[PDB]
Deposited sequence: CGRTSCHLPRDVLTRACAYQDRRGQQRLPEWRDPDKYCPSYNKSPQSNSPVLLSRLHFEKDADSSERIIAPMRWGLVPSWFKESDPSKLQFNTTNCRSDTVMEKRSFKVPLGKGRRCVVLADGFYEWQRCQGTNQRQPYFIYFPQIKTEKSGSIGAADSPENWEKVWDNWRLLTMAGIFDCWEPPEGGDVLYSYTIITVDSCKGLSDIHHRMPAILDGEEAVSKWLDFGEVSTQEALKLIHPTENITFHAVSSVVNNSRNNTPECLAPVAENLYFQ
């Protein structure tokens, strides 16, 4: 997808990410770079979103089932990118097609290093081509079986890479969201949907690059029907608008 919501405050988001480690012990993920978390109802590519990844990416002797939550830049910048401005990337890595993921060098190399991450969101927006060229926006989320008390975060399959700015600076962590065919439920809205990891097991297996090979992890990548949506107002169309009105029903 091309737009998400991820508005919850840091403390609330962290509690909504409670998980069981490989011994069945309930835990919260540990933050890296929490100050780069910027809550918004209206996230575009080139902004930072919180993602889950295995602690083994940061500590050599770590339990790969332990989770880090870290803000990462949406728009995978390949490790080999030669220019000094990540936004000057000449091709689009907002998304990564599931069907070609192991063929494309921007995605296959980091995937092969185990750089699998789970992109968090309240949900994603998608636009239906209406006739006129005016498109209708939808907010799309897990069914929620106030509402933001115990909201179920959407967990999208991503790949990340690490890029050292040639002229010096912090290693950039950036991600792409894997896309698949839209399920029947969404097929009238759009032809594509994100690779959604539905439940603790799918999330754990996507993250655990120490225990779960690329072949096994890619079996988790497919359309899913376990999703709902409502139409929203035009307010979300302008990426500068960050209000509860962006995902409010009409």
Next on the checklist: If I number the deposited sequence starting at 1, which residue ranges have no C-alpha coordinates at all?
Outcome noted: 131, 147-164, 270-276
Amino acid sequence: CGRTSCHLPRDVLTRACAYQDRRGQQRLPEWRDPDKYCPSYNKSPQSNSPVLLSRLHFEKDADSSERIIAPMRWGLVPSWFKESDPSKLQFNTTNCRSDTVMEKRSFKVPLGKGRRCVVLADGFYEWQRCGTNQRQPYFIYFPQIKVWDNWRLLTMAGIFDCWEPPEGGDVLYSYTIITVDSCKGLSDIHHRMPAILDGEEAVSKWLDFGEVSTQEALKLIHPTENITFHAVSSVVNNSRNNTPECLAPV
From here on, numbers count along this sequence of modelled residues.
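Between two forms, the rigid core is defined as the largest C-alpha subset superposing within 1.5 Å.
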Checklist entry - Between 88-96 and 158-166, where do the CA atoms move more in 4 other deposited structures of this protein, taking the root mean square over the structures and residues after a core fit? => result 88-96
Checklist entry - Taking the recorded C-alpha temperature factors, which stretch has the higher mean, 48-56 or 215-223? => result 215-223
Checklist outcome for this item: Averaging the C-alpha temperature factors as deposited, the higher value of 180-188 versus 37-45 falls on 180-188
Item to check | Identity of residue with top Cα B-factor, from 28, 197, 69, 62 | outcome: 62
Checklist outcome for this item: Of the residues 116, 97, 108, 135, the one whose Cα carries the largest B-factor in the deposited record is 135
Item to check | CA B-factor ranking of residue 127, expressed as a third of its chain | outcome: highest
Item to check | Third assignment of residue 15 from its chain's C-alpha B-factors | outcome: lowest
Checklist outcome for this item: Entry-reported C-alpha B-factor of residue 140 relative to its chain, by third, is highest
Next on the checklist: Quick check for you: using the entry's CA B-factors within this chain, is residue 146 in the lowest, middle or highest third?
Outcome noted: highest
Checklist outcome for this item: Chain thirds by Cα B factor, record data; residue 166 belongs to the highest
